[PDB]
Amino acid sequence: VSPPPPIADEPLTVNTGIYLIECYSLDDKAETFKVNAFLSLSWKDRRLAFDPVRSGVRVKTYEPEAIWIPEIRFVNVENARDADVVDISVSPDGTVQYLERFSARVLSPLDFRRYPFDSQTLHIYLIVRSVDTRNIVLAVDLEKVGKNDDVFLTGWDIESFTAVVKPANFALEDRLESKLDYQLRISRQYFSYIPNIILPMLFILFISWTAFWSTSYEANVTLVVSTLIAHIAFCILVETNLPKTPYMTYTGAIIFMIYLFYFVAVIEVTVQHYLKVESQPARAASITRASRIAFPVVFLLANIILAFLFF
Amino acid sequence: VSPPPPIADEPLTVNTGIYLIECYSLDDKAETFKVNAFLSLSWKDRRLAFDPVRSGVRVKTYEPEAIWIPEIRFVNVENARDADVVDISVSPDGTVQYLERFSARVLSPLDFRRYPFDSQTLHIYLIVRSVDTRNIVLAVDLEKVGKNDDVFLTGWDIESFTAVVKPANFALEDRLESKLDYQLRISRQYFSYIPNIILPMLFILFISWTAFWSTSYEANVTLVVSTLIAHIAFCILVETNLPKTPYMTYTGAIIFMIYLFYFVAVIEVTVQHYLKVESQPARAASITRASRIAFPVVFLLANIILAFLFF
Amino acid sequence: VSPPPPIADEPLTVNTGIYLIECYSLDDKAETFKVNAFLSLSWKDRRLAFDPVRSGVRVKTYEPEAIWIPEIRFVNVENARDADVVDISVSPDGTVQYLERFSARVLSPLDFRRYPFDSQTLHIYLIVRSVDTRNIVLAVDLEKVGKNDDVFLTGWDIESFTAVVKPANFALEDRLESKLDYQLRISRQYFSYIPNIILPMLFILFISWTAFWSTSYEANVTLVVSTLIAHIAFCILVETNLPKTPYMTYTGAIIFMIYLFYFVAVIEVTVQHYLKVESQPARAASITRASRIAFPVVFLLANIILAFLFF
Amino acid sequence: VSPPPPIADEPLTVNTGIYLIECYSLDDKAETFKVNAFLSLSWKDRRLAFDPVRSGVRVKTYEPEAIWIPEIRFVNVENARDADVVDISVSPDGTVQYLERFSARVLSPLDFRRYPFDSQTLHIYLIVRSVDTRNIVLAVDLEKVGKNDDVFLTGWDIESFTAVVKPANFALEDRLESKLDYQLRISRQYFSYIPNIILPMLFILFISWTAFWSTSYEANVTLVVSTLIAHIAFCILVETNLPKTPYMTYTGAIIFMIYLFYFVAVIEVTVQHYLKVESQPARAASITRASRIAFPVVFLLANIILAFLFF
Amino acid sequence: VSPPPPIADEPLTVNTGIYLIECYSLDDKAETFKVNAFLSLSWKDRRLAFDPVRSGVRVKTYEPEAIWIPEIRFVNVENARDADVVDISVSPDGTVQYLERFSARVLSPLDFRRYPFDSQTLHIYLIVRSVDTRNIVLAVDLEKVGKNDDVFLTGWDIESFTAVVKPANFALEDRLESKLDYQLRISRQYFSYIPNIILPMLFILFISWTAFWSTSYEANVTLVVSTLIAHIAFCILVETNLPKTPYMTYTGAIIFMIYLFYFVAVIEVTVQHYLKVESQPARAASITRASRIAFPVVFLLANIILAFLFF
């Protein structure tokens, strides 16, 4: 089939629309997610026009291999979409009404800075390539863009499925292309972190600090060193889903902070003993008494330093 | 082919039916499972009608590309169903009897609150989209809905495969749609938990409490700290199949409880030593003697507090 | 095409046959395995009959879409079989000789009781559905049922590929169905367990018992507690392929047994110290001397109690 | 299409050829690997013959569904090969020149005895099934068998892609079959093992032996027991890709050996203490002094015992 | 269809072009990555030529099965490319303009020497096979080779998508083949390594060295041995994506170095005690005092020895 000819010199307006049936499987690592949805496209292919008087029909149905349809595709997809044609109904004037049930893995990037409170905007990029005879421009039919009430993305809170109304029109490989931006807004469900990560990962750090209430280097080595294992152990129980960072995570900084508060504790206890062994248990007692407040205070302040910086 | 015309103004009644051949692979994480089953649909497509006198035949067989069949689909499926047409037999009046052997990964959500005693209702959503000329409504042919005696879901106990008789009829993208709810009821096989999780994960917590029967801070640090590793170690051997929770698990609360009974034990032993070092081994002896009953009693009561709350 | 008409009122006999080309990938967890094999079916479709005198041919070859073939399927398969038609040759009388190279993931359940010495019978269920005009019954052509000499299932010992000669004939969804049972017998290759699981997992349990040859509570806490970590650590190195058990494994009981022999050892050492601290190092010395024999003897006997019960 | 008729009574000679484009993904566990290659087959199908004088053409090209091609398949493949037809060119006499770009996962078994120095011969089994009218025998066209210079199997060293010239001709399911053996020879790249497995896994075993340079049972329990954890810990960092063994690995024996040298060390230290506690620090001092040489010597000799046995 | 005949004796020039739509999933292990891109090919197939005067058309569109297209393929691909034809437009002279949207997993090897600062050149090998009548040579249409501004490879920094202008022309299996080299240049995003690997993996190594500030063999065994576990533990938290090395990694050397600085520390502490036990606490005090500087200095120098060697 041939592309529709111009009424005057204008490009073809293809009125897009995506309705999310089911949205799932967000791999924080790969920065992907799978989407199951309806794609409704509208265009005036004048050629198709039929009179209601002569044709006994109302709105004639058509097959995809039976009529011309523009090459509508996605940009940030793994493999091409799992398209399944629903209906192609042509209005008496020649206005086609395309519908399909696509199922493809999207590839939208994520922000792991603000994590575990991280908030995201996922992208779906609709593209259509212009031909040798006429050109194509995309439009957002505001009425066939949305999300079902049944859509669940366990771990995230689906806020609003929107669309960037203005299209991008550009040249590439000697052809005009129309690029649309579909934006999905999500926020994180961080409820479990506090009681099952931050609160237990804190307790471990405090069992470490019971070394300043001791005099015994033999009990403090077993305190500070053991809790370090306890940390890495729990740090392993909590192995999440977080890729390679050329930047810093809000957690990334906190983790680097703990790996110091254990090491610093090791210095303190190594000195607490060496000062006492050299027979000056006056500093060696002022130093232990100091870190009783120094560590907790420095820590609480260091958390505010991070929080104020990141957020 | 064209949809059947109305005898008067009524929509087409498609009499559904699902018989579970094989049910397997329940991923607690993704909240999915794979199903292998038979789909039997019945409708009066008057057009097909043939006389028994003129036609030498009884009940004529037909091909899927040879006759009109309504677009029957599933809502909560990963990728579209692996449909394999069995038989399409038309009764003399024009009553079609469709049958297929679909094989698709369902996406039904789960309740991890009551876990490891968690009980579930899984969902299969049958949908059919209405056309430009007539509309479609779904019905439950109570006689072709069930499960085979051979169906196994190791880890769960398959109770009853049912169907929500009343259909949902609603508008979406300017089209009428009929939505049916197929419900599968399952309960958990928690037998191994008690002797291979709760009972060993308890023993570790008790080897911790043998610190109140000691006077030695050097043996109690090695008791309480070591068992914490022993816990996280076993807690790692027991790494299950449990996604992200914006709520609380019955186990989730218990785990948070243990991470306290170890930390609290650390406080006790840090004080038991500090009281004795400051030369008051009267409290330091009343405090150790107290926790001999305090910890076990507080613990047993704390378990009842949880159990009564969750269940 | 139409099903063959009856010579008198009899159902069609389809003479089955499965020859295992390659058998592999047994997932103990999912209770599955993949099979690559040949399916040879024989039936007298009288219609096809051709005279050797008039037809210049001997045994005419035919295409699958060129002739009627009964809907032969498998019951316990993940997704439908990866069928690849080999040859369809019709004998002068009309006796068809079907052959294909199917490749599908089977779903046969397993017995993890007797494990690591567990022995299995895997199932392949061949089904054929009867039509509106005649019915179908299955037969075992004893000559085209077997296994190649090259078949390997590393970890198991392929004993005998058999077939349940008698077919199951039953009603379901108003249709007669013929169900055949293909049984594959396998046994376990447990050679590595003894020297790389039971023997090292024993040694750890004995380094624990060197606590009765000590007087020092500080060395016994470090003995008994450390070895518990050593156990869970090795118990983690040995993380196998074993699903959810609503019953008990032979290993399951042994594991529960070890988690006691460590806990019991903890009681002993907690008492050994508390008796000595209360100044009665007469029992505290009789109790330590007792467990020198009590633990080993109780243990060896407890293993016989299990072995005699399970086997 | 029909198989070519005999010039006299001979079977058809199909001249095979495999050229490895890309070879990758060797799963030591499943004993598989994926191969991307070219399959060139040559046969004299007399029927196709065309005169150079009458036909304006030279060597006529043909489609796969346009001409007869023998059912060429693989035996040890997961699912059937991902065949992609390249060219089918027929020489004036009727000599067909088939070519395709197959991509399938092979299933060749491995030897884990000599590991990490293990050497392998992988198998590709080409099969062709004979028909009702003529029979088929396979030949190795020595000129279209090889491997590209770009082929990489990181972890192995690709030595030589060969072919077993002599074919296997046998009866199965009343049909003649021709079986060819394609052999790929590979050897292991064990460079990292010595400095990042054997050398660190040795150091751990030596930190254990610093127990004979001590008198203190409290420091030796903490030495020998701790290093056992250190071992299992590192033994876990080194968790490779090695299936179930009904035999013994060269490493399998070494591992069983270390799990003794730790246990034996536990006996020594338990006696070193018990002899000294019973007041005979003359043996208890001869025994400690003995194991200073006994363990290292016994060990070095035990390694030679293994190496000489395995290799 | 037939290949275009020569204007004189020249081979056909196919003007290639690859524009990277989306580039993702780089598996350091398998040495692969997935690419989604546009392939534009240009050739003068004189046969297609049509006059602008007689033909009412301008630049006639054509189907792939409607015209001859050369067998353009990739060499280092897993399975054949997921090709999706965009447009085939023929200019009045007969100059075809092919375009497709391929999606295949590439197989380019990597350098893990300079890692985590490793820099790579990935390969895409375009091949075209010559026929019985004319031959084919490849060309780089410099104008349709590039990468989009949206291309992201999280963990790497996409530098420049280039092409080796000069083609490789060689004989293989009696056929001429044209091989092109597409090179993608990437560099690593090593920001997180320093604060979340090297800095914490250093701290652990320093808590070890607080053994020279002690006199107590019982506290030094618990220091040096415990930190070794802490190391292997963290070394496990940091389990990356790094295959089998027949060479040495920059990290590979550093890791081997740490496994010595712990072992050497074990020797020191075993001697520190044995010298003191033999009553010579003059060396035993000079040796401990020495390693206070010896270890740090030797270490810092050993890092420069590596860095200068690798880089």
# chains A, B, ... in the order shown; residues from 1 in each chain; ligands from 1
>>> residues_around(residues="residue 79 (chain E)", least_positions_apart="3", cutoff="8 Å", atoms="only C-alpha atoms", output="ChimeraX atom specification")
/D:36,82,103 /E:104-105
>>> select_by_dssp(residues="region 102-205 of chain E", states="strand (DSSP E or B)", output="mmCIF file with N, CA, C and O atoms, in the first residue's frame")
data_model
loop_
_atom_site.group_PDB
_atom_site.id
_atom_site.type_symbol
_atom_site.label_atom_id
_atom_site.label_comp_id
_atom_site.auth_asym_id
_atom_site.auth_seq_id
_atom_site.Cartn_x
_atom_site.Cartn_y
_atom_site.Cartn_z
ATOM 1 N N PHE E 102 17.765 -3.737 13.468
ATOM 2 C CA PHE E 102 18.289 -4.952 14.095
ATOM 3 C C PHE E 102 18.503 -4.842 15.602
ATOM 4 O O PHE E 102 18.859 -3.778 16.106
ATOM 5 N N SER E 103 18.313 -5.971 16.299
ATOM 6 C CA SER E 103 18.432 -6.089 17.748
ATOM 7 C C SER E 103 19.081 -7.445 18.136
ATOM 8 O O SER E 103 18.371 -8.429 18.355
ATOM 9 N N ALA E 104 20.431 -7.498 18.205
ATOM 10 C CA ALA E 104 21.137 -8.735 18.555
ATOM 11 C C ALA E 104 22.225 -8.558 19.601
ATOM 12 O O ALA E 104 22.811 -7.476 19.698
ATOM 13 N N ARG E 105 22.511 -9.647 20.361
ATOM 14 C CA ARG E 105 23.545 -9.691 21.397
ATOM 15 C C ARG E 105 24.918 -9.937 20.744
ATOM 16 O O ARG E 105 25.154 -10.991 20.153
ATOM 17 N N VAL E 106 25.798 -8.928 20.823
ATOM 18 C CA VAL E 106 27.151 -8.933 20.265
ATOM 19 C C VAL E 106 28.060 -9.746 21.180
ATOM 20 O O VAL E 106 27.692 -10.013 22.317
ATOM 21 N N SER E 119 39.692 -0.007 30.156
ATOM 22 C CA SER E 119 39.160 0.723 29.011
ATOM 23 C C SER E 119 38.976 -0.262 27.853
ATOM 24 O O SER E 119 39.795 -1.164 27.684
ATOM 25 N N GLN E 120 37.873 -0.148 27.105
ATOM 26 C CA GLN E 120 37.580 -1.140 26.067
ATOM 27 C C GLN E 120 37.289 -0.626 24.681
ATOM 28 O O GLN E 120 36.825 0.506 24.514
ATOM 29 N N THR E 121 37.485 -1.519 23.691
ATOM 30 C CA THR E 121 37.089 -1.345 22.297
ATOM 31 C C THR E 121 36.274 -2.592 21.957
ATOM 32 O O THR E 121 36.773 -3.723 22.016
ATOM 33 N N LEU E 122 34.984 -2.372 21.749
ATOM 34 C CA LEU E 122 34.044 -3.430 21.434
ATOM 35 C C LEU E 122 33.945 -3.577 19.914
ATOM 36 O O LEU E 122 34.155 -2.598 19.189
ATOM 37 N N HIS E 123 33.666 -4.803 19.425
ATOM 38 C CA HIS E 123 33.608 -5.095 17.992
ATOM 39 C C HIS E 123 32.291 -5.603 17.461
ATOM 40 O O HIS E 123 31.655 -6.464 18.065
ATOM 41 N N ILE E 124 31.931 -5.099 16.278
ATOM 42 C CA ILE E 124 30.769 -5.473 15.493
ATOM 43 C C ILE E 124 31.363 -5.802 14.132
ATOM 44 O O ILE E 124 32.055 -4.965 13.544
ATOM 45 N N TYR E 125 31.180 -7.047 13.682
ATOM 46 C CA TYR E 125 31.731 -7.505 12.412
ATOM 47 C C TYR E 125 30.677 -7.772 11.362
ATOM 48 O O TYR E 125 29.958 -8.768 11.441
ATOM 49 N N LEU E 126 30.596 -6.878 10.378
ATOM 50 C CA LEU E 126 29.661 -6.971 9.276
ATOM 51 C C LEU E 126 30.259 -7.795 8.156
ATOM 52 O O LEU E 126 31.353 -7.483 7.684
ATOM 53 N N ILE E 127 29.544 -8.857 7.735
ATOM 54 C CA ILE E 127 29.984 -9.739 6.651
ATOM 55 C C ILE E 127 28.915 -9.863 5.544
ATOM 56 O O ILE E 127 27.712 -9.728 5.810
ATOM 57 N N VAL E 128 29.381 -10.096 4.296
ATOM 58 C CA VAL E 128 28.568 -10.299 3.097
ATOM 59 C C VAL E 128 29.271 -11.326 2.226
ATOM 60 O O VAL E 128 30.468 -11.199 1.947
ATOM 61 N N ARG E 129 28.542 -12.374 1.858
ATOM 62 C CA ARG E 129 29.091 -13.463 1.062
ATOM 63 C C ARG E 129 28.851 -13.304 -0.470
ATOM 64 O O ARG E 129 27.708 -13.079 -0.892
ATOM 65 N N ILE E 136 31.002 -9.440 -3.990
ATOM 66 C CA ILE E 136 30.626 -8.264 -3.192
ATOM 67 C C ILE E 136 31.773 -7.763 -2.296
ATOM 68 O O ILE E 136 32.449 -8.556 -1.638
ATOM 69 N N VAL E 137 31.960 -6.424 -2.295
ATOM 70 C CA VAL E 137 32.915 -5.643 -1.503
ATOM 71 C C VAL E 137 32.111 -4.592 -0.694
ATOM 72 O O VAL E 137 31.133 -4.035 -1.213
ATOM 73 N N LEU E 138 32.486 -4.378 0.589
ATOM 74 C CA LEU E 138 31.792 -3.438 1.480
ATOM 75 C C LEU E 138 32.455 -2.069 1.586
ATOM 76 O O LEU E 138 33.685 -1.962 1.513
ATOM 77 N N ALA E 139 31.621 -1.023 1.757
ATOM 78 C CA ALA E 139 32.050 0.370 1.880
ATOM 79 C C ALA E 139 31.376 1.022 3.077
ATOM 80 O O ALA E 139 30.278 0.615 3.466
ATOM 81 N N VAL E 140 32.034 2.036 3.656
ATOM 82 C CA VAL E 140 31.530 2.763 4.819
ATOM 83 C C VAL E 140 30.988 4.131 4.401
ATOM 84 O O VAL E 140 31.762 5.045 4.096
ATOM 85 N N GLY E 146 27.070 6.351 13.449
ATOM 86 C CA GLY E 146 27.069 7.126 14.686
ATOM 87 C C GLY E 146 26.357 6.516 15.887
ATOM 88 O O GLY E 146 26.167 5.296 15.964
ATOM 89 N N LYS E 147 25.983 7.389 16.854
ATOM 90 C CA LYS E 147 25.305 7.059 18.114
ATOM 91 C C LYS E 147 24.385 8.204 18.542
ATOM 92 O O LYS E 147 24.748 9.375 18.390
ATOM 93 N N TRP E 156 29.803 2.553 32.308
ATOM 94 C CA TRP E 156 30.787 2.904 31.299
ATOM 95 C C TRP E 156 30.476 4.281 30.747
ATOM 96 O O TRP E 156 29.366 4.789 30.932
ATOM 97 N N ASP E 157 31.467 4.895 30.097
ATOM 98 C CA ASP E 157 31.324 6.199 29.465
ATOM 99 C C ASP E 157 31.561 6.059 27.984
ATOM 100 O O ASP E 157 32.684 5.834 27.535
ATOM 101 N N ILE E 158 30.471 6.118 27.235
ATOM 102 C CA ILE E 158 30.459 5.978 25.786
ATOM 103 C C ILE E 158 31.211 7.158 25.184
ATOM 104 O O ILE E 158 30.801 8.314 25.337
ATOM 105 N N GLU E 159 32.370 6.850 24.578
ATOM 106 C CA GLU E 159 33.278 7.844 24.004
ATOM 107 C C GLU E 159 33.002 8.140 22.513
ATOM 108 O O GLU E 159 32.572 9.259 22.201
ATOM 109 N N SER E 160 33.231 7.150 21.602
ATOM 110 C CA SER E 160 33.045 7.347 20.159
ATOM 111 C C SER E 160 32.722 6.089 19.343
ATOM 112 O O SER E 160 33.504 5.130 19.348
ATOM 113 N N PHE E 161 31.596 6.113 18.596
ATOM 114 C CA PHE E 161 31.258 5.002 17.713
ATOM 115 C C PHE E 161 31.850 5.290 16.339
ATOM 116 O O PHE E 161 31.471 6.252 15.665
ATOM 117 N N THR E 162 32.845 4.482 15.976
ATOM 118 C CA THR E 162 33.637 4.622 14.756
ATOM 119 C C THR E 162 33.486 3.426 13.831
ATOM 120 O O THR E 162 32.699 2.519 14.110
ATOM 121 N N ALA E 163 34.255 3.423 12.732
ATOM 122 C CA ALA E 163 34.263 2.350 11.745
ATOM 123 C C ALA E 163 35.631 2.260 11.066
ATOM 124 O O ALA E 163 36.219 3.296 10.746
ATOM 125 N N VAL E 164 36.141 1.019 10.862
ATOM 126 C CA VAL E 164 37.403 0.764 10.148
ATOM 127 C C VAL E 164 37.015 0.816 8.676
ATOM 128 O O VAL E 164 36.404 -0.121 8.149
ATOM 129 N N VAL E 165 37.294 1.966 8.052
ATOM 130 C CA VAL E 165 36.970 2.273 6.662
ATOM 131 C C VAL E 165 37.403 1.157 5.704
ATOM 132 O O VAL E 165 36.562 0.675 4.949
ATOM 133 N N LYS E 166 38.674 0.700 5.783
ATOM 134 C CA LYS E 166 39.185 -0.349 4.906
ATOM 135 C C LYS E 166 38.581 -1.727 5.186
ATOM 136 O O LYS E 166 38.628 -2.194 6.322
ATOM 137 N N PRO E 167 37.988 -2.381 4.162
ATOM 138 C CA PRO E 167 37.394 -3.704 4.389
ATOM 139 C C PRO E 167 38.393 -4.846 4.205
ATOM 140 O O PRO E 167 39.416 -4.698 3.528
ATOM 141 N N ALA E 168 38.070 -5.992 4.798
ATOM 142 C CA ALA E 168 38.869 -7.206 4.702
ATOM 143 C C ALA E 168 38.242 -8.064 3.633
ATOM 144 O O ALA E 168 37.045 -8.334 3.684
ATOM 145 N N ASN E 169 39.019 -8.458 2.642
ATOM 146 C CA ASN E 169 38.466 -9.272 1.579
ATOM 147 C C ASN E 169 39.260 -10.559 1.516
ATOM 148 O O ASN E 169 40.482 -10.520 1.377
ATOM 149 N N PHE E 170 38.585 -11.697 1.753
ATOM 150 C CA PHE E 170 39.246 -12.995 1.837
ATOM 151 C C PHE E 170 38.435 -14.177 1.355
ATOM 152 O O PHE E 170 37.205 -14.148 1.331
ATOM 153 N N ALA E 171 39.151 -15.260 1.074
ATOM 154 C CA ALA E 171 38.593 -16.514 0.622
ATOM 155 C C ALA E 171 38.330 -17.416 1.793
ATOM 156 O O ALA E 171 39.128 -17.479 2.725
ATOM 157 N N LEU E 172 37.205 -18.124 1.731
ATOM 158 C CA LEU E 172 36.757 -19.077 2.727
ATOM 159 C C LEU E 172 35.692 -19.969 2.117
ATOM 160 O O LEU E 172 34.717 -19.452 1.567
ATOM 161 N N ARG E 175 34.574 -19.213 -1.439
ATOM 162 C CA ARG E 175 33.790 -17.994 -1.658
ATOM 163 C C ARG E 175 34.470 -16.749 -1.097
ATOM 164 O O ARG E 175 35.048 -16.790 -0.007
ATOM 165 N N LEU E 176 34.373 -15.635 -1.838
ATOM 166 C CA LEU E 176 34.911 -14.333 -1.446
ATOM 167 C C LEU E 176 33.997 -13.753 -0.394
ATOM 168 O O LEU E 176 32.783 -13.808 -0.557
ATOM 169 N N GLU E 177 34.574 -13.157 0.650
ATOM 170 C CA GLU E 177 33.794 -12.523 1.709
ATOM 171 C C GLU E 177 34.395 -11.172 2.085
ATOM 172 O O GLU E 177 35.627 -11.041 2.147
ATOM 173 N N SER E 178 33.521 -10.166 2.295
ATOM 174 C CA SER E 178 33.907 -8.809 2.692
ATOM 175 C C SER E 178 33.555 -8.624 4.169
ATOM 176 O O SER E 178 32.388 -8.772 4.528
ATOM 177 N N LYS E 179 34.572 -8.353 5.033
ATOM 178 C CA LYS E 179 34.434 -8.192 6.493
ATOM 179 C C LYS E 179 34.763 -6.763 6.958
ATOM 180 O O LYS E 179 35.876 -6.280 6.752
ATOM 181 N N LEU E 180 33.777 -6.090 7.569
ATOM 182 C CA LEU E 180 33.945 -4.738 8.089
ATOM 183 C C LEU E 180 34.057 -4.755 9.601
ATOM 184 O O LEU E 180 33.461 -5.621 10.248
ATOM 185 N N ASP E 181 34.800 -3.786 10.168
ATOM 186 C CA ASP E 181 34.988 -3.664 11.615
ATOM 187 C C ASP E 181 34.390 -2.376 12.191
ATOM 188 O O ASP E 181 34.888 -1.279 11.918
ATOM 189 N N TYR E 182 33.335 -2.522 13.002
ATOM 190 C CA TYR E 182 32.705 -1.398 13.677
ATOM 191 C C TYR E 182 33.211 -1.400 15.097
ATOM 192 O O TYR E 182 33.101 -2.414 15.785
ATOM 193 N N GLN E 183 33.850 -0.298 15.499
ATOM 194 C CA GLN E 183 34.458 -0.154 16.811
ATOM 195 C C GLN E 183 33.765 0.871 17.686
ATOM 196 O O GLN E 183 33.564 2.016 17.283
ATOM 197 N N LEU E 184 33.417 0.449 18.898
ATOM 198 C CA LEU E 184 32.785 1.289 19.901
ATOM 199 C C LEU E 184 33.767 1.444 21.042
ATOM 200 O O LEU E 184 34.265 0.447 21.569
ATOM 201 N N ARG E 185 34.055 2.686 21.408
ATOM 202 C CA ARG E 185 35.006 2.955 22.468
ATOM 203 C C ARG E 185 34.327 3.385 23.753
ATOM 204 O O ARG E 185 33.515 4.307 23.759
ATOM 205 N N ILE E 186 34.635 2.663 24.831
ATOM 206 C CA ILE E 186 34.108 2.876 26.171
ATOM 207 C C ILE E 186 35.239 2.915 27.218
ATOM 208 O O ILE E 186 36.317 2.360 26.998
ATOM 209 N N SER E 187 34.995 3.587 28.350
ATOM 210 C CA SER E 187 35.938 3.720 29.474
ATOM 211 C C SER E 187 35.166 3.505 30.797
ATOM 212 O O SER E 187 33.945 3.662 30.793
ATOM 213 N N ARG E 188 35.829 3.095 31.898
ATOM 214 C CA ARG E 188 35.063 2.773 33.100
ATOM 215 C C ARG E 188 34.792 3.926 34.048
ATOM 216 O O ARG E 188 35.621 4.817 34.207
#
>>> interface_residues(of="chain D", to="chain B", cutoff="12 Å", atoms="only C-alpha atoms", output="PyMOL selection string")
chain D and resi 218+222+226+229+233
>>> write_last_selection(atoms="N, CA, C and O atoms", output="PDB file, in the first residue's frame")
ATOM      1  N   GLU D 218      44.148 -21.815  74.979  1.00  0.00           N
ATOM      2  CA  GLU D 218      43.211 -20.705  74.717  1.00  0.00           C
ATOM      3  C   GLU D 218      43.489 -19.892  73.443  1.00  0.00           C
ATOM      4  O   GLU D 218      42.609 -19.304  72.867  1.00  0.00           O
ATOM      5  N   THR D 222      41.525 -20.681  69.535  1.00  0.00           N
ATOM      6  CA  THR D 222      41.244 -19.487  68.717  1.00  0.00           C
ATOM      7  C   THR D 222      42.029 -19.508  67.372  1.00  0.00           C
ATOM      8  O   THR D 222      41.585 -18.880  66.414  1.00  0.00           O
ATOM      9  N   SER D 226      39.359 -20.732  64.464  1.00  0.00           N
ATOM     10  CA  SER D 226      39.140 -19.566  63.617  1.00  0.00           C
ATOM     11  C   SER D 226      39.533 -19.821  62.181  1.00  0.00           C
ATOM     12  O   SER D 226      38.684 -19.660  61.300  1.00  0.00           O
ATOM     13  N   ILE D 229      36.998 -21.481  60.022  1.00  0.00           N
ATOM     14  CA  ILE D 229      35.989 -20.574  59.512  1.00  0.00           C
ATOM     15  C   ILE D 229      36.599 -19.865  58.320  1.00  0.00           C
ATOM     16  O   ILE D 229      36.086 -20.035  57.215  1.00  0.00           O
ATOM     17  N   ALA D 233      35.023 -19.849  54.684  1.00  0.00           N
ATOM     18  CA  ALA D 233      34.730 -18.506  54.176  1.00  0.00           C
ATOM     19  C   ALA D 233      35.344 -18.299  52.811  1.00  0.00           C
ATOM     20  O   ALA D 233      34.648 -17.914  51.876  1.00  0.00           O
TER      21      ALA D 233
END
>>> atom_distance(atom1="CA of residue 141 (chain A)", atom2="CA of residue 17 (chain A)")
5.9 Å
>>> residues_around(residues="region 42-53 of chain C", least_positions_apart="2", cutoff="7 Å", atoms="only C-alpha atoms", output="MDAnalysis selection string")
chainID C and resid 4 13:16 40 55:58 92:98
>>> atom_distance(atom1="CA of residue 212 (chain A)", atom2="CA of residue 296 (chain B)")
28.5 Å
>>> closest_residue(among="E:149, E:173, E:87, E:111", to="residue 38 (chain D)", atoms="only C-alpha atoms")
E:173
>>> residues_around(residues="residue 286 (chain D)", least_positions_apart="2", cutoff="12 Å", atoms="only C-alpha atoms", output="list in words")
residues 212, 268, 271, 272, 275, 276, 280, 281, 282, 283, 284, 288, 289, 290, 291, 292, 293 and 294 of chain D
>>> select_by_dssp(residues="region 45-141 of chain C", states="helix (DSSP H, G or I)", output="list in words")
residues 46, 47, 48, 64, 65 and 66 of chain C
